[PDB]
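The basis for the numbers below is simple: all heavy atoms, side chains too, and nothing from hydrogens, waters or symmetry mates. Every chain is numbered from 1 and lettered A, B, ... according to where its sequence line falls, protein lines coming before strand lines.
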Amino acid sequence: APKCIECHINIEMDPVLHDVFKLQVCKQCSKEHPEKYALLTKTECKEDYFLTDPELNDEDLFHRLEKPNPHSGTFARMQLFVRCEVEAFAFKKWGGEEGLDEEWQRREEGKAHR
Amino acid sequence: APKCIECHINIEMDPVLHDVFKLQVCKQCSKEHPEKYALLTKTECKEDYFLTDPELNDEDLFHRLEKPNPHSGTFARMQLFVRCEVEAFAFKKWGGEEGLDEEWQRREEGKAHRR
DNA sequence: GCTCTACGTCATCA
DNA sequence: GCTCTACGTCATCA
Ligand SMILES: [Zn+2]
Ligand SMILES: [Zn+2]
């Protein structure tokens, strides 16, 4: 039987990570490894990884899970991205965690000025 | 016979002004009154009247005539607006021709500021 | 720790 | 005198 790629034990995958993000990952393992499997909102992807609307709205570039906006179902739908995908793109984009942190430095300096 | 609203004489309206912009105005009268009937690109509307993409892209708000982009038919289509409509909406927005010149003063100063 | 876009410039590519 | 949007911030309203 096919096994979880993290633990190599469980055979029952997390429905969301499996069906939406195509990751063969069990629910316990998702919770133990949030550094890979945590689900990030659209707003968090902008803040933390400096991804833009053009990058995040590309359906060819990230898997996403949509849900009703928790503040109101009349507001625009919440979109959730898996950390490992977002992070890998942002690393190619800014040049690794080093690059990302430099970019974070650059912006904070920008903001200190204003 | 229905007559041109500027001259009150011609019976044959400018096809573009009549068909696209709904103005009962003859071609000669349009050439004589560019201050009303001149066709402005999308870009001129932004430059001259500070209208935004959201206003100009509103199909309920301006009549527009599209044409192939004259630089290349692979580029975005040219959009032409009629000055009377664009001007009338810009006067409501900025507070008449006076307010528009003010808004112009402001932005030229902003650009000077940045040097 | 929700999302979209206006506010406004401007280059670049299309 | 061509047009769309990224580049970026951020409030506001949705
Ligand atoms: Zn597992
Ligand atoms: Zn006439």
Whether [X] contacts [N] is assessed here as follows: a side-chain N or O lying under 4.0 Å from the phosphate OP1 or OP2. Is that the case?
{"X": "A:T52", "N": "D:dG8", "result": "no"}
{"X": "A:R114", "N": "D:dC10", "result": "yes"}
{"X": "A:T41", "N": "C:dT3", "result": "yes"}
{"X": "A:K42", "N": "C:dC4", "result": "yes"}

Query - Interatomic distance, A:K93 atom NZ to A:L51 atom CG [nearest 0.5 angstrom] - result: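 Rounded to the nearest 0.5 Å, the NZ-CG separation comes out at 5.5 Å.
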Query - B:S30 side, atom OG; B:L23 side, atom CG - distance, nearest 0.5 Å - result: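 Reported value, rounded in 0.5 Å steps: 9.5 Å.
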Kindly give the heavy-atom pair with the smallest separation between [X] and [Y], and that separation in Å.
{"X": "B:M13", "Y": "B:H18", "result": "CB-CB, 3.8 Å"}
{"X": "B:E44", "Y": "B:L39", "result": "OE1-O, 4.2 Å"}
{"X": "B:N57", "Y": "B:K42", "result": "OD1-NZ, 2.7 Å"}
{"X": "B:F81", "Y": "B:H63", "result": "CD2-O, 3.9 Å"}

What nucleotide, of [options], holds the atom closest to the side chain of [X]?
{"X": "A:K111", "options": "D:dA6, D:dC10, C:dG1", "value": "D:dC10"}
{"X": "B:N69", "options": "D:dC2, C:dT3, C:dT5", "value": "D:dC2"}
{"X": "B:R107", "options": "D:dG8, D:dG1, C:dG8", "value": "C:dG8"}
{"X": "A:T43", "options": "D:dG1, C:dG1, C:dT5", "value": "C:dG1"}

[N] and [M]: how far apart are their [atom1] atoms, nearest whole angstrom?
{"N": "D:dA14", "M": "C:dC7", "atom1": "P", "result": "14 Å"}
{"N": "D:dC10", "M": "C:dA11", "atom1": "P", "result": "23 Å"}
{"N": "D:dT12", "M": "C:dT3", "atom1": "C1'", "result": "11 Å"}
{"N": "D:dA6", "M": "C:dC4", "atom1": "P", "result": "14 Å"}

Taking atom [atom2] of [N] as reference, at what distance in whole Å does atom [atom1] of [X] sit?
{"X": "A:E103", "N": "D:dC7", "atom1": "CD", "atom2": "P", "result": "11 Å"}
{"X": "A:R64", "N": "C:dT3", "atom1": "CZ", "atom2": "P", "result": "11 Å"}
{"X": "B:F75", "N": "C:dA14", "atom1": "CZ", "atom2": "P", "result": "8 Å"}
{"X": "B:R114", "N": "C:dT9", "atom1": "CZ", "atom2": "P", "result": "7 Å"}
{"X": "A:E108", "N": "D:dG8", "atom1": "CD", "atom2": "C1'", "result": "15 Å"}
{"X": "B:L40", "N": "D:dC2", "atom1": "CG", "atom2": "P", "result": "12 Å"}
{"X": "A:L51", "N": "C:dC4", "atom1": "CG", "atom2": "P", "result": "14 Å"}
{"X": "A:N57", "N": "C:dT3", "atom1": "CG", "atom2": "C1'", "result": "10 Å"}

Query - Identified pairing partner of D:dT3, criterion: Watson-Crick or G-U wobble below 3.5 Å - result: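 Pairing partner, where one exists within any strand: none, as none qualifies.
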Report task. Return the nucleotide paired to D:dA14: Watson-Crick means purine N1 to pyrimidine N3 with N6-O4 or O6-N4, wobble means G-U with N1-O2 and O6-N3, both under 3.5 Å. Result ->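 For D:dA14, the partner nucleotide comes out as none, under the 3.5 Å rule.
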Query - Side chain A:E47 and base C:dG1 donor-acceptor under 3.5 Å - result: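 Indeed there is one.
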**Report entry** Nearest-nucleotide 5' precedence on DNA chain D, B:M78 against A:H71
**Finding:**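 Of the two residues, B:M78 wins.
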